[PDB]
>>> print(open('structure_32.cif').read())   # mmCIF, N, CA and C atoms
data_target
#
loop_
_atom_site.label_atom_id
_atom_site.label_comp_id
_atom_site.auth_asym_id
_atom_site.auth_seq_id
_atom_site.Cartn_x
_atom_site.Cartn_y
_atom_site.Cartn_z
N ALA C 1 5.90 -30.73 -29.60
CA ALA C 1 6.49 -30.38 -28.28
C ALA C 1 6.44 -31.63 -27.36
N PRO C 2 7.50 -31.86 -26.60
CA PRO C 2 7.54 -33.03 -25.69
C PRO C 2 6.37 -32.96 -24.70
N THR C 3 5.32 -33.74 -24.91
CA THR C 3 4.13 -33.73 -24.00
C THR C 3 4.10 -35.00 -23.15
N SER C 4 3.93 -36.14 -23.77
CA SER C 4 3.88 -37.42 -23.00
C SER C 4 5.15 -37.58 -22.14
N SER C 5 6.31 -37.25 -22.66
CA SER C 5 7.56 -37.35 -21.81
C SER C 5 7.41 -36.38 -20.62
N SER C 6 6.78 -35.24 -20.85
CA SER C 6 6.51 -34.21 -19.77
C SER C 6 7.76 -33.45 -19.32
N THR C 7 8.89 -33.69 -19.92
CA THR C 7 10.12 -32.99 -19.44
C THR C 7 10.03 -31.48 -19.64
N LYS C 8 9.30 -31.03 -20.63
CA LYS C 8 9.26 -29.57 -20.88
C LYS C 8 7.86 -29.04 -21.15
N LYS C 9 6.90 -29.86 -21.52
CA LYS C 9 5.53 -29.28 -21.74
C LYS C 9 4.97 -28.79 -20.41
N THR C 10 5.56 -29.16 -19.29
CA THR C 10 5.06 -28.62 -17.99
C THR C 10 5.17 -27.08 -18.10
N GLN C 11 6.20 -26.66 -18.80
CA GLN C 11 6.45 -25.22 -19.06
C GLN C 11 5.34 -24.65 -19.97
N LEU C 12 4.85 -25.42 -20.93
CA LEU C 12 3.77 -24.91 -21.84
C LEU C 12 2.49 -24.67 -21.04
N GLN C 13 1.97 -25.70 -20.39
CA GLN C 13 0.74 -25.52 -19.55
C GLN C 13 0.95 -24.33 -18.61
N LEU C 14 2.18 -24.12 -18.24
CA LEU C 14 2.53 -22.99 -17.35
C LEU C 14 2.23 -21.67 -18.06
N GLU C 15 2.73 -21.52 -19.26
CA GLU C 15 2.50 -20.27 -20.04
C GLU C 15 1.00 -20.02 -20.20
N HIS C 16 0.20 -21.06 -20.14
CA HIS C 16 -1.28 -20.88 -20.28
C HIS C 16 -1.81 -20.14 -19.04
N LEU C 17 -1.52 -20.66 -17.87
CA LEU C 17 -2.01 -20.03 -16.61
C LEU C 17 -1.52 -18.58 -16.53
N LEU C 18 -0.26 -18.35 -16.78
CA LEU C 18 0.31 -16.97 -16.74
C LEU C 18 -0.20 -16.15 -17.94
N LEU C 19 -0.69 -16.82 -18.96
CA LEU C 19 -1.18 -16.11 -20.18
C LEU C 19 -2.53 -15.43 -19.87
N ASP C 20 -3.43 -16.14 -19.25
CA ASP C 20 -4.76 -15.56 -18.92
C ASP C 20 -4.69 -14.73 -17.64
N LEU C 21 -3.74 -15.00 -16.78
CA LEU C 21 -3.63 -14.23 -15.51
C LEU C 21 -3.02 -12.85 -15.80
N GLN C 22 -2.00 -12.80 -16.62
CA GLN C 22 -1.36 -11.49 -16.93
C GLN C 22 -2.24 -10.67 -17.88
N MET C 23 -2.76 -11.27 -18.92
CA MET C 23 -3.62 -10.50 -19.87
C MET C 23 -4.88 -10.01 -19.17
N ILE C 24 -5.43 -10.81 -18.29
CA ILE C 24 -6.68 -10.41 -17.59
C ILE C 24 -6.40 -9.60 -16.30
N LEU C 25 -5.91 -10.26 -15.27
CA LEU C 25 -5.69 -9.56 -13.96
C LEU C 25 -4.67 -8.42 -14.01
N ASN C 26 -3.82 -8.35 -15.00
CA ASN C 26 -2.86 -7.19 -15.03
C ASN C 26 -3.68 -5.92 -15.30
N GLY C 27 -4.77 -6.06 -16.03
CA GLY C 27 -5.64 -4.89 -16.33
C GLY C 27 -6.42 -4.47 -15.08
N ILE C 28 -7.00 -5.41 -14.37
CA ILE C 28 -7.79 -5.04 -13.15
C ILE C 28 -6.84 -4.53 -12.05
N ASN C 29 -5.56 -4.79 -12.17
CA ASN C 29 -4.59 -4.31 -11.14
C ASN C 29 -4.13 -2.88 -11.47
N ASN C 30 -4.75 -2.23 -12.43
CA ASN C 30 -4.34 -0.85 -12.80
C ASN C 30 -5.20 0.18 -12.06
N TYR C 31 -5.83 -0.21 -10.98
CA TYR C 31 -6.68 0.76 -10.23
C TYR C 31 -5.77 1.72 -9.46
N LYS C 32 -5.40 2.81 -10.07
CA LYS C 32 -4.51 3.79 -9.38
C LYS C 32 -5.37 4.89 -8.75
N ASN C 33 -6.51 4.54 -8.22
CA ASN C 33 -7.40 5.57 -7.59
C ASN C 33 -7.14 5.61 -6.07
N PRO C 34 -6.87 6.79 -5.51
CA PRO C 34 -6.63 6.92 -4.06
C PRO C 34 -7.96 6.84 -3.28
N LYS C 35 -9.07 6.76 -3.98
CA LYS C 35 -10.40 6.70 -3.29
C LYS C 35 -10.99 5.29 -3.45
N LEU C 36 -10.31 4.29 -2.97
CA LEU C 36 -10.84 2.90 -3.09
C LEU C 36 -11.63 2.53 -1.82
N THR C 37 -12.42 3.44 -1.30
CA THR C 37 -13.22 3.10 -0.08
C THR C 37 -14.39 2.20 -0.50
N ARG C 38 -14.88 2.40 -1.70
CA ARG C 38 -16.00 1.56 -2.22
C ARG C 38 -15.43 0.31 -2.91
N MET C 39 -14.12 0.13 -2.91
CA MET C 39 -13.53 -1.07 -3.56
C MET C 39 -13.21 -2.14 -2.50
N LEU C 40 -13.26 -1.78 -1.22
CA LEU C 40 -13.01 -2.80 -0.15
C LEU C 40 -14.07 -3.91 -0.27
N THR C 41 -15.17 -3.62 -0.93
CA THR C 41 -16.27 -4.62 -1.11
C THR C 41 -15.73 -5.97 -1.63
N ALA C 42 -14.53 -6.00 -2.20
CA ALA C 42 -13.95 -7.29 -2.72
C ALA C 42 -14.20 -8.42 -1.71
N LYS C 43 -13.76 -8.23 -0.49
CA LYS C 43 -14.00 -9.25 0.59
C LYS C 43 -13.69 -10.67 0.10
N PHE C 44 -12.79 -10.81 -0.83
CA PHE C 44 -12.45 -12.17 -1.34
C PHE C 44 -11.89 -13.02 -0.20
N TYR C 45 -12.46 -14.18 0.00
CA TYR C 45 -11.99 -15.07 1.09
C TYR C 45 -10.88 -15.99 0.55
N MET C 46 -9.74 -15.44 0.22
CA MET C 46 -8.63 -16.28 -0.34
C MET C 46 -8.31 -17.45 0.62
N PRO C 47 -7.94 -18.60 0.06
CA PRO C 47 -7.64 -19.80 0.88
C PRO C 47 -6.42 -19.57 1.77
N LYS C 48 -6.30 -20.34 2.82
CA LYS C 48 -5.14 -20.20 3.74
C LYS C 48 -3.87 -20.58 2.99
N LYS C 49 -3.77 -21.82 2.62
CA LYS C 49 -2.57 -22.31 1.90
C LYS C 49 -2.89 -22.47 0.41
N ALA C 50 -1.89 -22.79 -0.37
CA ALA C 50 -2.10 -22.98 -1.83
C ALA C 50 -0.78 -23.46 -2.45
N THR C 51 -0.30 -24.59 -2.00
CA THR C 51 0.99 -25.13 -2.53
C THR C 51 0.73 -26.28 -3.52
N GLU C 52 -0.51 -26.67 -3.71
CA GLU C 52 -0.81 -27.77 -4.67
C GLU C 52 -1.87 -27.29 -5.66
N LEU C 53 -2.13 -28.05 -6.69
CA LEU C 53 -3.16 -27.63 -7.69
C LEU C 53 -4.57 -27.96 -7.18
N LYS C 54 -4.69 -28.44 -5.97
CA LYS C 54 -6.03 -28.77 -5.41
C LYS C 54 -6.74 -27.49 -5.00
N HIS C 55 -6.04 -26.60 -4.35
CA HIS C 55 -6.65 -25.32 -3.90
C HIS C 55 -7.15 -24.52 -5.11
N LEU C 56 -6.67 -24.82 -6.29
CA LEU C 56 -7.10 -24.07 -7.51
C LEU C 56 -8.62 -24.15 -7.72
N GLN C 57 -9.28 -25.10 -7.11
CA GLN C 57 -10.75 -25.23 -7.31
C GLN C 57 -11.48 -23.98 -6.78
N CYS C 58 -10.91 -23.31 -5.81
CA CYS C 58 -11.56 -22.08 -5.24
C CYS C 58 -11.74 -21.02 -6.33
N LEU C 59 -11.02 -21.13 -7.41
CA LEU C 59 -11.12 -20.12 -8.51
C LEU C 59 -12.55 -20.03 -9.06
N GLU C 60 -13.23 -21.15 -9.19
CA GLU C 60 -14.62 -21.11 -9.76
C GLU C 60 -15.59 -20.34 -8.86
N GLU C 61 -15.43 -20.40 -7.56
CA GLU C 61 -16.37 -19.65 -6.65
C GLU C 61 -15.87 -18.22 -6.43
N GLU C 62 -14.60 -17.97 -6.64
CA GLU C 62 -14.05 -16.60 -6.44
C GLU C 62 -14.60 -15.66 -7.52
N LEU C 63 -15.05 -16.19 -8.62
CA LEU C 63 -15.58 -15.33 -9.72
C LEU C 63 -16.86 -14.60 -9.26
N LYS C 64 -17.56 -15.14 -8.29
CA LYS C 64 -18.82 -14.49 -7.82
C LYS C 64 -18.53 -13.19 -7.03
N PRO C 65 -17.78 -13.29 -5.94
CA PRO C 65 -17.47 -12.10 -5.12
C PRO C 65 -16.69 -11.06 -5.94
N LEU C 66 -15.89 -11.52 -6.85
CA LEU C 66 -15.07 -10.59 -7.69
C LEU C 66 -15.94 -9.99 -8.81
N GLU C 67 -17.03 -10.63 -9.16
CA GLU C 67 -17.89 -10.09 -10.26
C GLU C 67 -18.48 -8.73 -9.85
N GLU C 68 -18.87 -8.59 -8.60
CA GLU C 68 -19.47 -7.30 -8.15
C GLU C 68 -18.43 -6.18 -8.27
N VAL C 69 -17.24 -6.39 -7.76
CA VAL C 69 -16.18 -5.33 -7.86
C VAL C 69 -15.81 -5.11 -9.33
N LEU C 70 -16.06 -6.08 -10.17
CA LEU C 70 -15.73 -5.94 -11.62
C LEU C 70 -16.53 -4.78 -12.22
N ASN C 71 -17.70 -4.52 -11.69
CA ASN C 71 -18.55 -3.41 -12.23
C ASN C 71 -17.79 -2.08 -12.20
N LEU C 72 -17.01 -1.85 -11.17
CA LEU C 72 -16.24 -0.58 -11.08
C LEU C 72 -15.02 -0.64 -11.99
N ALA C 73 -14.52 -1.82 -12.26
CA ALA C 73 -13.34 -1.96 -13.16
C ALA C 73 -13.84 -2.29 -14.57
N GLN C 74 -15.00 -1.79 -14.94
CA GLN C 74 -15.54 -2.10 -16.29
C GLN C 74 -15.62 -0.82 -17.12
N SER C 75 -14.59 -0.52 -17.87
CA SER C 75 -14.61 0.71 -18.71
C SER C 75 -13.41 0.73 -19.66
N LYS C 76 -12.21 0.56 -19.15
CA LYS C 76 -11.01 0.62 -20.05
C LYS C 76 -10.01 -0.51 -19.75
N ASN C 77 -9.29 -0.42 -18.67
CA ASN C 77 -8.26 -1.46 -18.33
C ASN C 77 -8.83 -2.88 -18.40
N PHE C 78 -9.80 -3.19 -17.60
CA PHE C 78 -10.39 -4.55 -17.60
C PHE C 78 -11.56 -4.60 -18.60
N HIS C 79 -11.34 -4.16 -19.82
CA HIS C 79 -12.46 -4.16 -20.82
C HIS C 79 -12.53 -5.48 -21.59
N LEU C 80 -11.70 -6.46 -21.27
CA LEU C 80 -11.80 -7.75 -22.02
C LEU C 80 -13.15 -8.38 -21.65
N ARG C 81 -14.09 -8.31 -22.56
CA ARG C 81 -15.46 -8.85 -22.29
C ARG C 81 -15.41 -10.25 -21.67
N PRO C 82 -14.67 -11.17 -22.27
CA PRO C 82 -14.59 -12.53 -21.74
C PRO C 82 -13.84 -12.54 -20.40
N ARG C 83 -14.51 -12.30 -19.30
CA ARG C 83 -13.80 -12.39 -17.98
C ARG C 83 -13.67 -13.88 -17.64
N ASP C 84 -14.47 -14.71 -18.28
CA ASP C 84 -14.44 -16.16 -18.03
C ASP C 84 -13.03 -16.71 -18.26
N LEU C 85 -12.17 -16.00 -18.95
CA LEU C 85 -10.78 -16.50 -19.21
C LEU C 85 -10.12 -17.00 -17.91
N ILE C 86 -10.28 -16.28 -16.81
CA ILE C 86 -9.67 -16.75 -15.53
C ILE C 86 -10.42 -18.02 -15.11
N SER C 87 -11.72 -18.04 -15.31
CA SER C 87 -12.53 -19.25 -14.99
C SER C 87 -12.15 -20.37 -15.98
N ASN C 88 -11.53 -20.01 -17.09
CA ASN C 88 -11.10 -21.01 -18.08
C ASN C 88 -9.82 -21.64 -17.56
N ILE C 89 -9.02 -20.87 -16.85
CA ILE C 89 -7.78 -21.42 -16.25
C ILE C 89 -8.20 -22.51 -15.26
N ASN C 90 -9.30 -22.28 -14.58
CA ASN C 90 -9.84 -23.28 -13.61
C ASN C 90 -10.30 -24.52 -14.39
N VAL C 91 -10.75 -24.32 -15.61
CA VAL C 91 -11.21 -25.47 -16.43
C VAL C 91 -10.00 -26.25 -16.95
N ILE C 92 -8.86 -25.62 -17.07
CA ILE C 92 -7.66 -26.33 -17.57
C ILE C 92 -6.94 -27.02 -16.41
N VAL C 93 -7.09 -26.54 -15.20
CA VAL C 93 -6.46 -27.27 -14.05
C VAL C 93 -7.34 -28.49 -13.78
N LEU C 94 -8.62 -28.39 -14.08
CA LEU C 94 -9.54 -29.54 -13.90
C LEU C 94 -9.25 -30.57 -15.00
N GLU C 95 -8.96 -30.10 -16.19
CA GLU C 95 -8.68 -31.03 -17.31
C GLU C 95 -7.29 -31.66 -17.12
N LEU C 96 -6.40 -30.96 -16.47
CA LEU C 96 -5.04 -31.51 -16.22
C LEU C 96 -5.19 -32.71 -15.30
N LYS C 97 -5.99 -32.54 -14.28
CA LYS C 97 -6.25 -33.66 -13.34
C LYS C 97 -7.50 -33.35 -12.51
N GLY C 98 -7.41 -32.52 -11.47
CA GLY C 98 -8.61 -32.22 -10.60
C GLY C 98 -9.27 -33.55 -10.26
N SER C 99 -8.48 -34.43 -9.72
CA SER C 99 -8.97 -35.80 -9.47
C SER C 99 -9.50 -36.03 -8.06
N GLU C 100 -10.36 -37.01 -7.98
CA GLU C 100 -11.04 -37.49 -6.73
C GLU C 100 -10.45 -36.94 -5.40
N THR C 101 -10.94 -35.82 -4.92
CA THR C 101 -10.48 -35.32 -3.59
C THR C 101 -11.54 -34.37 -3.02
N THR C 102 -12.44 -34.90 -2.23
CA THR C 102 -13.49 -34.06 -1.61
C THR C 102 -12.84 -33.12 -0.62
N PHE C 103 -12.50 -31.94 -1.04
CA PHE C 103 -11.84 -30.98 -0.13
C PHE C 103 -12.51 -29.61 -0.30
N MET C 104 -13.42 -29.28 0.58
CA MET C 104 -14.12 -27.96 0.51
C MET C 104 -13.07 -26.86 0.59
N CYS C 105 -13.14 -25.87 -0.27
CA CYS C 105 -12.12 -24.77 -0.23
C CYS C 105 -12.09 -24.18 1.18
N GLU C 106 -11.14 -24.60 1.96
CA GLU C 106 -11.04 -24.11 3.36
C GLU C 106 -10.46 -22.70 3.41
N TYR C 107 -11.30 -21.69 3.37
CA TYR C 107 -10.78 -20.29 3.47
C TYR C 107 -10.78 -19.93 4.96
N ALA C 108 -9.82 -19.16 5.41
CA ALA C 108 -9.80 -18.79 6.86
C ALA C 108 -8.66 -17.79 7.11
N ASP C 109 -8.38 -17.51 8.37
CA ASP C 109 -7.30 -16.54 8.77
C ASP C 109 -7.88 -15.12 8.80
N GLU C 110 -8.50 -14.70 7.72
CA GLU C 110 -9.11 -13.33 7.69
C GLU C 110 -9.63 -13.05 6.28
N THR C 111 -10.51 -12.09 6.15
CA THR C 111 -11.05 -11.75 4.80
C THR C 111 -9.97 -10.99 4.02
N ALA C 112 -10.19 -10.72 2.76
CA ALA C 112 -9.14 -10.00 1.97
C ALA C 112 -9.80 -9.02 0.99
N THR C 113 -9.02 -8.11 0.45
CA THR C 113 -9.57 -7.11 -0.51
C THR C 113 -9.35 -7.62 -1.94
N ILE C 114 -9.27 -6.74 -2.92
CA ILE C 114 -9.07 -7.19 -4.33
C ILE C 114 -7.57 -7.42 -4.62
N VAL C 115 -6.68 -6.90 -3.81
CA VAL C 115 -5.21 -7.11 -4.08
C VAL C 115 -4.81 -8.53 -3.65
N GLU C 116 -5.55 -9.12 -2.75
CA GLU C 116 -5.20 -10.49 -2.26
C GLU C 116 -5.58 -11.54 -3.31
N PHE C 117 -6.70 -11.39 -4.00
CA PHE C 117 -7.08 -12.39 -5.05
C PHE C 117 -6.09 -12.27 -6.20
N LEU C 118 -5.69 -11.06 -6.50
CA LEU C 118 -4.73 -10.82 -7.61
C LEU C 118 -3.43 -11.58 -7.34
N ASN C 119 -2.69 -11.14 -6.35
CA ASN C 119 -1.41 -11.82 -6.00
C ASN C 119 -1.67 -13.28 -5.61
N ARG C 120 -2.89 -13.63 -5.29
CA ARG C 120 -3.19 -15.03 -4.87
C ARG C 120 -2.95 -16.02 -6.03
N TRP C 121 -3.64 -15.84 -7.13
CA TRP C 121 -3.48 -16.81 -8.27
C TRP C 121 -2.23 -16.53 -9.10
N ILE C 122 -1.81 -15.29 -9.21
CA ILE C 122 -0.57 -15.01 -10.00
C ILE C 122 0.61 -15.58 -9.21
N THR C 123 0.69 -15.25 -7.95
CA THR C 123 1.78 -15.80 -7.10
C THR C 123 1.56 -17.30 -6.92
N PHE C 124 0.34 -17.78 -7.09
CA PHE C 124 0.07 -19.24 -6.97
C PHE C 124 0.93 -19.96 -8.00
N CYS C 125 0.90 -19.50 -9.22
CA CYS C 125 1.70 -20.13 -10.29
C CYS C 125 3.19 -19.92 -10.03
N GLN C 126 3.67 -18.70 -10.17
CA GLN C 126 5.13 -18.41 -9.97
C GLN C 126 5.71 -19.06 -8.70
N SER C 127 4.89 -19.39 -7.73
CA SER C 127 5.43 -20.02 -6.50
C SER C 127 5.51 -21.54 -6.67
N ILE C 128 4.40 -22.18 -6.97
CA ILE C 128 4.40 -23.67 -7.13
C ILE C 128 5.47 -24.14 -8.13
N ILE C 129 5.91 -23.28 -9.01
CA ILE C 129 6.95 -23.71 -10.00
C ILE C 129 8.34 -23.57 -9.40
N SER C 130 8.55 -22.54 -8.62
CA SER C 130 9.89 -22.34 -7.99
C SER C 130 10.17 -23.45 -6.96
N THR C 131 9.15 -24.16 -6.53
CA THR C 131 9.37 -25.26 -5.53
C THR C 131 9.46 -26.62 -6.25
N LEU C 132 9.10 -26.68 -7.51
CA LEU C 132 9.19 -27.97 -8.25
C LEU C 132 10.66 -28.41 -8.33
N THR C 133 11.54 -27.51 -8.71
CA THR C 133 12.99 -27.88 -8.81
C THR C 133 13.81 -26.98 -7.87
#
>>> encode(input="structure_32.cif", output="structure tokens")
Amino acid sequence: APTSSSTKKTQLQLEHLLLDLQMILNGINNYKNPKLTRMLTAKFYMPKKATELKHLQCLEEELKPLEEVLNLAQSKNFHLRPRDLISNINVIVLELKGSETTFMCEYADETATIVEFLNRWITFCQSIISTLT
């Protein structure tokens, strides 16, 4: 596959991010319970902006606040034992580059529930690609 030329392997690395995001987060997004009063605990502090691969570093710390809510989504839909797969996507954005940039994940604007982290990284990919060309 054209890798060093980069004309099309950008699409392959792309399928990787959407591969672990859809297989993993599509299952945790199946919470069709009308009683999610105990699920507001998500409190995920999603970043303000996210138009570059730099904000992707927040993924490694987001696994902590999301781990607690994972206990309620642990039975059928989100039964993939390896939840680290999303944290693995963070390891592949670091291997792609994640180069010299001391930038503390600036979260702000307001706190968020579990639907904001979901659409956050899934929409993170589908968006950054629609602006490339």
>>> closest_residue(input="structure_32.cif", among="C:19, C:89, C:12, C:66", to="residue 43 in chain C", atoms="all atoms listed in the file")
C:66
>>> atom_distance(input="structure_32.cif", atom1="atom N of residue 87 in chain C", atom2="atom C of residue 108 in chain C")
22.6 Å
>>> resolve_selection(input="structure_32.cif", expression="the PyMOL selection byres (((chain C and resi 55 and name CA) around 12) and name CA)", output="JSON, numbers by chain")
{"C": [46, 47, 48, 49, 50, 51, 52, 53, 54, 56, 57, 58, 59, 60, 61, 62, 90, 93, 94, 98, 101, 102, 103, 104, 105, 106, 107, 120, 121, 124, 125, 128]}
>>> write_last_selection(input="structure_32.cif", atoms="N, CA and C atoms", output="CSV table (one decimal), in the frame of the given file")
chain,number,residue,atom,x,y,z
C,46,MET,N,-9.7,-15.4,0.2
C,46,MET,CA,-8.6,-16.3,-0.3
C,46,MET,C,-8.3,-17.4,0.6
C,47,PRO,N,-7.9,-18.6,0.1
C,47,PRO,CA,-7.6,-19.8,0.9
C,47,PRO,C,-6.4,-19.6,1.8
C,48,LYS,N,-6.3,-20.3,2.8
C,48,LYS,CA,-5.1,-20.2,3.7
C,48,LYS,C,-3.9,-20.6,3.0
C,49,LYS,N,-3.8,-21.8,2.6
C,49,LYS,CA,-2.6,-22.3,1.9
C,49,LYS,C,-2.9,-22.5,0.4
C,50,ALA,N,-1.9,-22.8,-0.4
C,50,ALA,CA,-2.1,-23.0,-1.8
C,50,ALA,C,-0.8,-23.5,-2.4
C,51,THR,N,-0.3,-24.6,-2.0
C,51,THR,CA,1.0,-25.1,-2.5
C,51,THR,C,0.7,-26.3,-3.5
C,52,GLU,N,-0.5,-26.7,-3.7
C,52,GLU,CA,-0.8,-27.8,-4.7
C,52,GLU,C,-1.9,-27.3,-5.7
C,53,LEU,N,-2.1,-28.0,-6.7
C,53,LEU,CA,-3.2,-27.6,-7.7
C,53,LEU,C,-4.6,-28.0,-7.2
C,54,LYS,N,-4.7,-28.4,-6.0
C,54,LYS,CA,-6.0,-28.8,-5.4
C,54,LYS,C,-6.7,-27.5,-5.0
C,56,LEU,N,-6.7,-24.8,-6.3
C,56,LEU,CA,-7.1,-24.1,-7.5
C,56,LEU,C,-8.6,-24.2,-7.7
C,57,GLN,N,-9.3,-25.1,-7.1
C,57,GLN,CA,-10.8,-25.2,-7.3
C,57,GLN,C,-11.5,-24.0,-6.8
C,58,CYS,N,-10.9,-23.3,-5.8
C,58,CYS,CA,-11.6,-22.1,-5.2
C,58,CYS,C,-11.7,-21.0,-6.3
C,59,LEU,N,-11.0,-21.1,-7.4
C,59,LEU,CA,-11.1,-20.1,-8.5
C,59,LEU,C,-12.6,-20.0,-9.1
C,60,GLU,N,-13.2,-21.2,-9.2
C,60,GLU,CA,-14.6,-21.1,-9.8
C,60,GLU,C,-15.6,-20.3,-8.9
C,61,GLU,N,-15.4,-20.4,-7.6
C,61,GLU,CA,-16.4,-19.6,-6.6
C,61,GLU,C,-15.9,-18.2,-6.4
C,62,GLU,N,-14.6,-18.0,-6.6
C,62,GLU,CA,-14.0,-16.6,-6.4
C,62,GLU,C,-14.6,-15.7,-7.5
C,90,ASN,N,-9.3,-22.3,-14.6
C,90,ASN,CA,-9.8,-23.3,-13.6
C,90,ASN,C,-10.3,-24.5,-14.4
C,93,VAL,N,-7.1,-26.5,-15.2
C,93,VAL,CA,-6.5,-27.3,-14.0
C,93,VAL,C,-7.3,-28.5,-13.8
C,94,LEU,N,-8.6,-28.4,-14.1
C,94,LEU,CA,-9.5,-29.5,-13.9
C,94,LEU,C,-9.2,-30.6,-15.0
C,98,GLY,N,-7.4,-32.5,-11.5
C,98,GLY,CA,-8.6,-32.2,-10.6
C,98,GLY,C,-9.3,-33.6,-10.3
C,101,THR,N,-10.9,-35.8,-4.9
C,101,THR,CA,-10.5,-35.3,-3.6
C,101,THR,C,-11.5,-34.4,-3.0
C,102,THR,N,-12.4,-34.9,-2.2
C,102,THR,CA,-13.5,-34.1,-1.6
C,102,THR,C,-12.8,-33.1,-0.6
C,103,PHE,N,-12.5,-31.9,-1.0
C,103,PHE,CA,-11.8,-31.0,-0.1
C,103,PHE,C,-12.5,-29.6,-0.3
C,104,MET,N,-13.4,-29.3,0.6
C,104,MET,CA,-14.1,-28.0,0.5
C,104,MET,C,-13.1,-26.9,0.6
C,105,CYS,N,-13.1,-25.9,-0.3
C,105,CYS,CA,-12.1,-24.8,-0.2
C,105,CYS,C,-12.1,-24.2,1.2
C,106,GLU,N,-11.1,-24.6,2.0
C,106,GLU,CA,-11.0,-24.1,3.4
C,106,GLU,C,-10.5,-22.7,3.4
C,107,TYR,N,-11.3,-21.7,3.4
C,107,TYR,CA,-10.8,-20.3,3.5
C,107,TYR,C,-10.8,-19.9,5.0
C,120,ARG,N,-2.9,-13.6,-5.3
C,120,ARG,CA,-3.2,-15.0,-4.9
C,120,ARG,C,-3.0,-16.0,-6.0
C,121,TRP,N,-3.6,-15.8,-7.1
C,121,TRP,CA,-3.5,-16.8,-8.3
C,121,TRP,C,-2.2,-16.5,-9.1
C,124,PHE,N,0.3,-17.8,-7.1
C,124,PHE,CA,0.1,-19.2,-7.0
C,124,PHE,C,0.9,-20.0,-8.0
C,125,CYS,N,0.9,-19.5,-9.2
C,125,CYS,CA,1.7,-20.1,-10.3
C,125,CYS,C,3.2,-19.9,-10.0
C,128,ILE,N,4.4,-22.2,-7.0
C,128,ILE,CA,4.4,-23.7,-7.1
C,128,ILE,C,5.5,-24.1,-8.1
>>> select_by_dssp(input="structure_32.cif", residues="range 3-129 of chain C", states="alpha helix (DSSP H)", output="ChimeraX atom specification")
/C:9-20,26-28,58-70,84-96,114-129
>>> residues_near_point(input="structure_32.cif", point="(-7.5, -8.6, -9.2)", cutoff="6 Å", atoms="only C-alpha atoms", output="short mmCIF file (atom, residue, chain, number, x, y, z; two decimals) with N, CA and C atoms, in the frame of the given file")
data_model
loop_
_atom_site.label_atom_id
_atom_site.label_comp_id
_atom_site.auth_asym_id
_atom_site.auth_seq_id
_atom_site.Cartn_x
_atom_site.Cartn_y
_atom_site.Cartn_z
N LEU C 25 -5.91 -10.26 -15.27
CA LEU C 25 -5.69 -9.56 -13.96
C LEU C 25 -4.67 -8.42 -14.01
N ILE C 28 -7.00 -5.41 -14.37
CA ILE C 28 -7.79 -5.04 -13.15
C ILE C 28 -6.84 -4.53 -12.05
N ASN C 29 -5.56 -4.79 -12.17
CA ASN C 29 -4.59 -4.31 -11.14
C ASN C 29 -4.13 -2.88 -11.47
N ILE C 114 -9.27 -6.74 -2.92
CA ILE C 114 -9.07 -7.19 -4.33
C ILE C 114 -7.57 -7.42 -4.62
N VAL C 115 -6.68 -6.90 -3.81
CA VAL C 115 -5.21 -7.11 -4.08
C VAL C 115 -4.81 -8.53 -3.65
N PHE C 117 -6.70 -11.39 -4.00
CA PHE C 117 -7.08 -12.39 -5.05
C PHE C 117 -6.09 -12.27 -6.20
N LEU C 118 -5.69 -11.06 -6.50
CA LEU C 118 -4.73 -10.82 -7.61
C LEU C 118 -3.43 -11.58 -7.34
#
>>> atom_distance(input="structure_32.cif", atom1="CA of residue 78 in chain C", atom2="CA of residue 127 in chain C")
24.8 Å
>>> residues_around(input="structure_32.cif", residues="residue 80 in chain C", least_positions_apart="6", cutoff="8 Å", atoms="only N, CA and C atoms", output="MDAnalysis selection string")
chainID C and resid 23:24 27 74
>>> closest_residue(input="structure_32.cif", among="C:81, C:109, C:95, C:122", to="residue 26 in chain C", atoms="only C-alpha atoms")
C:122
>>> atom_distance(input="structure_32.cif", atom1="atom N of residue 84 in chain C", atom2="atom C of residue 1 in chain C")
28.4 Å
>>> closest_residue(input="structure_32.cif", among="C:96, C:132, C:14, C:42", to="residue 65 in chain C", atoms="all atoms listed in the file")
C:42
>>> closest_residue(input="structure_32.cif", among="C:41, C:75, C:6, C:126", to="residue 18 in chain C", atoms="only C-alpha atoms")
C:126
>>> closest_residue(input="structure_32.cif", among="C:113, C:119, C:77, C:130", to="residue 30 in chain C", atoms="all atoms listed in the file")
C:77
>>> closest_residue(input="structure_32.cif", among="C:116, C:10, C:92, C:31", to="residue 73 in chain C", atoms="all atoms listed in the file")
C:31
>>> decode(input="structure_32.cif", residues="range 66-72 of chain C", atoms="N, CA and C atoms", output="CSV table (one decimal), in the first residue's frame")
chain,number,residue,atom,x,y,z
C,66,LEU,N,-14.0,7.9,32.5
C,66,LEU,CA,-14.9,7.0,31.8
C,66,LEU,C,-14.9,5.5,32.4
C,67,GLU,N,-13.8,5.2,33.0
C,67,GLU,CA,-13.7,3.8,33.6
C,67,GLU,C,-14.8,3.6,34.7
C,68,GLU,N,-15.1,4.6,35.5
C,68,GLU,CA,-16.1,4.4,36.5
C,68,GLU,C,-17.5,4.1,35.8
C,69,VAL,N,-17.9,4.9,34.9
C,69,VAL,CA,-19.2,4.7,34.2
C,69,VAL,C,-19.1,3.4,33.4
C,70,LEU,N,-18.0,2.9,33.1
C,70,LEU,CA,-17.8,1.6,32.4
C,70,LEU,C,-18.4,0.5,33.2
C,71,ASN,N,-18.4,0.6,34.5
C,71,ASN,CA,-18.9,-0.5,35.4
C,71,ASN,C,-20.4,-0.7,35.1
C,72,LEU,N,-21.1,0.3,34.8
C,72,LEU,CA,-22.6,0.1,34.5
C,72,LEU,C,-22.7,-0.4,33.1
